[PDB]
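# piece number one of the complex, untouched:
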Amino acid sequence: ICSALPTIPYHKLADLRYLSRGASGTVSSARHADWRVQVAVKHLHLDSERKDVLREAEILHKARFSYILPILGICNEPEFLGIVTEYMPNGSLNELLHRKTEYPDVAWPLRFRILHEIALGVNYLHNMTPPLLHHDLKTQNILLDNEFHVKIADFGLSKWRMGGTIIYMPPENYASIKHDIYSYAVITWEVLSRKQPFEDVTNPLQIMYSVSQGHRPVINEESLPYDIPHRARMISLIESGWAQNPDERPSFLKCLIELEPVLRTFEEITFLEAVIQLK
């Protein structure tokens, strides 16, 4: 049973306003004239580049799931080419963690939920037939919806198993399955500390070396305070996740089995209260 990705004509994307620009592309916010919904469009900043945008779109369409950014349709024209997804009102996990003025408090339940969903998302990808590996996991590629639920995005590097920011990359990369878990491990450390992985390291190559020489972001009372709920288990999960030897890193399944009981501890309402605290 197949499902076709809808084709949207450029002239249906009203209020098309620049949102975010990165190397090679440009993301802009818009509203669908017919559907009456606020969307997001990812377009080119070409002959080969046209195939790339199609790859990502096909992947998002096949990989659709609860925690993967929903792709609403493709906008393919000779004039304009882009990907039409849902609009994520709360940006990326990166912004939430680090814009400490706007967000002075991000209560534990939400952080733990965020980590739980990311792990669910990735696990689903890995459980596809054939498996799909995101290969570009970072806090900027982890979007937050209107209620602060995770939506994994940016399948530009994702590879069907059959740069810029090397902070989330395992040393063996300087298709491997244990690449995503390494990244997840970093994201986890970054989520629980709100610090920047390797703040004191000015040069990406000083990082790349330090990492390949075993070193990882610091784990102590300053980075990961003793009040962090289930700290011991989280640290344990983190350390095993960013382990030097790929084989020593866990599967997302194992990771979820570890996470499940921890998440069962927070009362349903506390996640809602954690979000209202932001609004």
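Arrived safely, thanks for sending. Residues are numbered from 1 along each chain as shown, chains lettered A, B, ... in the order given.

# So which residues of the stretch 151-279 of chain A form helices?
A:179-193, A:204-212, A:231-241, A:252-263, A:268-276 (DSSP state H, counting those that start in this stretch).

# of all those, which lies closest to residue A:78?
Residue A:78 lies closest to helix A:179-193 among those, at 36.5 Å (CB to CB). The way it works is simple: take the backbone N, C-alpha and C, and place the C-beta from them, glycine included.

# Show me what the closest one is packed against.
Where contact means 3 or more CB pairs under 8 Å, 6 or more residues apart in numbering; DSSP states H and E, helix A:179-193 is packed against helix A:93-98, helix A:108-126, helix A:231-241, helix A:252-263.

# and residue A:145, how many neighbours does it have?
Counted with other CB atoms under 10 Å, residues neighbouring residue A:145 total 15.

# for residue A:203, same thing?
Using other CB under 10 Å: residue A:203 sits among 8 other residues.

# so who does it touch?
By CB atoms under 8 Å, 6 or more residues apart in numbering, the contact set of residue A:203 is empty.

# Next, work out how far apart it and residue A:121 are.
Remark: distance between residue A:203 and residue A:121 (CB to CB, to the nearest Å) = 32 Å.

# Likewise for residue A:114?
Taking CB to CB, one finds residue A:114 at 11 Å from residue A:121.

# rewinding a little: as a markdown table, the helices of the stretch 151-279 of chain A with mean neighbour count and distance to residue A:77 would be great.
Converted to a markdown table, the helices of the stretch 151-279 of chain A look like this (neighbours: other CB atoms under 10 Å; distance: least, CB to CB, whole Å):
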| stretch | mean neighbour count | distance to residue A:77 |
| --- | --- | --- |
| helix A:179-193 | 24 | 34 |
| helix A:204-212 | 15 | 38 |
| helix A:231-241 | 17 | 43 |
| helix A:252-263 | 16 | 38 |
| helix A:268-276 | 14 | 38 |
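
# Compare those helices and report which one is nearest to residue A:72.
Per CB to CB, nearest to residue A:72 of those: helix A:268-276, 24.2 Å.

# quick check: angle from the closest one to helix A:252-263?
With axes from the mean of the first three to the mean of the last three CA atoms, to 10 degrees applied, the angle from helix A:268-276 to helix A:252-263 works out at 100 degrees.

# mind saving the C-alpha coords of helix A:268-276 as PDB?
Provided in PDB are the C-alpha atoms of helix A:268-276 (Å, rounded to 0.1, in the frame of the first residue of the first chain):
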ATOM      1  CA  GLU A 268       2.100  13.300  33.700                       C
ATOM      2  CA  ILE A 269       1.100  16.900  34.800                       C
ATOM      3  CA  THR A 270       4.700  18.000  35.600                       C
ATOM      4  CA  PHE A 271       5.600  18.000  31.900                       C
ATOM      5  CA  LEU A 272       2.700  20.400  31.200                       C
ATOM      6  CA  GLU A 273       3.700  22.500  34.200                       C
ATOM      7  CA  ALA A 274       7.300  22.600  32.900                       C
ATOM      8  CA  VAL A 275       6.100  24.000  29.500                       C
ATOM      9  CA  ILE A 276       3.700  26.600  30.900                       C
END
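
# same structure, new chain, call it chain B:
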Amino acid sequence: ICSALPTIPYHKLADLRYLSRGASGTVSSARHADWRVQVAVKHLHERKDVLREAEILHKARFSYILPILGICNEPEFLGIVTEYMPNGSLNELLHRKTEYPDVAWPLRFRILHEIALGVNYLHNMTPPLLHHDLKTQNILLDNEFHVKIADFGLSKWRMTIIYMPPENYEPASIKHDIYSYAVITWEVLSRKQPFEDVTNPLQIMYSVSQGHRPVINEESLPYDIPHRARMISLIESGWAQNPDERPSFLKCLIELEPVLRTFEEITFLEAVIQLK
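Putting chain B together with the chains above:
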């Protein structure tokens, strides 16, 4: 660009618990052993009848339409697997008054805006999709009381009788959905069971064919209802005896948008908290 619906093995579903028994089949809640998520399973306990609903849901997938995760096409079992909605149906919300004493207007208005957005999408498909079974029991609520439209059993491609227009009494029509929506809209703002007075369902049918509608006084719809008049215009245009008078969903949305903007985001979140 195509995307296929995966096949889920029955043994991959742990913790099967009954939810609601229906005349067609049963609906259970379970967890997916590999995906590690909660799901809902609608099972036969005709094959084409099921595979149809599944095909539609998989094609009609959108933000306000219940997402289908896969099918169970086994010799020993056949069912549809969708995301589990922890907050049941709109019907239970509006009516289980002892458990839900308050339902703040901002939420109600968002539900209505969302239901309309979903149905609008269905009609805006090529070719258009008509739900034909819209009721409150067929509108499901997620963790935050967002809308997911369900039950595409009576759904048809354009290629309780309470929510059914008079013409469709003896069976076809595009304007089925919009009439249904109008009764929901009434039911959402009232918290009243439409045709509460009437005991004989056939009698209702007679009444409705003679232009009758659910009680539209203030004992049902008070003045304190935000934008009461414009909502009553909406309810009336929709449940019109004459199908030609009934407006499109796009037209309802255009009217609705301004009404929704009058509510601050915070109030939706507040509303939900008051229910948890």
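
# now with chain B: the neighbour count of residue A:145?
The number of residues packed near residue A:145 is 17, by other CB atoms under 10 Å in any protein chain shown.

# Please state the backbone phi and psi of it?
Note on residue A:145: backbone dihedrals following degrees, to the nearest 10 are phi -80, psi -180.

# contacting residues for it?
Neighbour list for residue A:145: A:86, A:88-90, A:151 [criterion: CB atoms under 8 Å, 6 or more residues apart in numbering or on different chains].

# measure residue A:55 to chain B for me?
Per CB to the nearest CB, to the nearest Å, residue A:55 is found 11 Å from chain B.

# quick one on the thing from earlier: name only those of the contacts of residue A:145 that count as buried.
Among the contacts of residue A:145, those buried by neighbour count (16 or more other CB atoms under 10 Å in any protein chain shown) are A:86, A:88, A:90, A:151.

# Beta-bridge partners for the residue nearest to the third one when sequence neighbours are not counted, please?
With CB to CB, 6 or more residues apart in numbering or on different chains as the measure, residue A:144 is the residue that lies nearest to residue A:90, at 3.7 Å, once sequence neighbours are left out. According to DSSP bridges, residue A:150 are recorded as the beta-bridge partners of residue A:144.

# And for residue A:144, the neighbour number?
23.

# Which residues of the stretch 101-250 of chain A lie near chain B?
Taking CB under 8 Å from any CB of the partner chain, the part of the stretch 101-250 of chain A that reaches chain B is made up of A:120, A:123-124, A:127, A:129, A:147.

# how about these in JSON lines, adding neighbour count?
Below are these laid out as JSON lines (neighbours: other CB atoms under 10 Å in any protein chain shown):
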{"residue": "A:120", "neighbour count": "23"}
{"residue": "A:123", "neighbour count": "23"}
{"residue": "A:124", "neighbour count": "24"}
{"residue": "A:127", "neighbour count": "17"}
{"residue": "A:129", "neighbour count": "7"}
{"residue": "A:147", "neighbour count": "18"}
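
# what's the closest of the residues you listed to residue A:190?
In terms of CB to CB, no member of those lies closer to residue A:190 than residue A:120, at 18.4 Å.

# Now do the contacts for the residue nearest to the closest one when sequence neighbours are not counted.
Distances taken as CB to CB, 6+ apart place residue A:67 nearest to residue A:120, at 5.2 Å, with adjacent residues excluded. Shown in contact with residue A:67 (CB under 8 Å, 6+ apart): A:117-118, A:120-121, A:124, A:149-152.

# any idea whether residue A:39 is helix, strand or coil?
strand (DSSP: H, G, I helix; E, B strand; the rest coil).

# which residues sit in contact with it?
A:13, A:29-32, A:72, A:84-87.

# which strand residues sit across from it in the sheet?
Bridge pairing for residue A:39 (DSSP bridges) gives the partners residue A:30, residue A:86.

# if I look at it, how far off is residue A:70?
From residue A:39 over to residue A:70 (counting by CB to CB), the distance is 10 Å.
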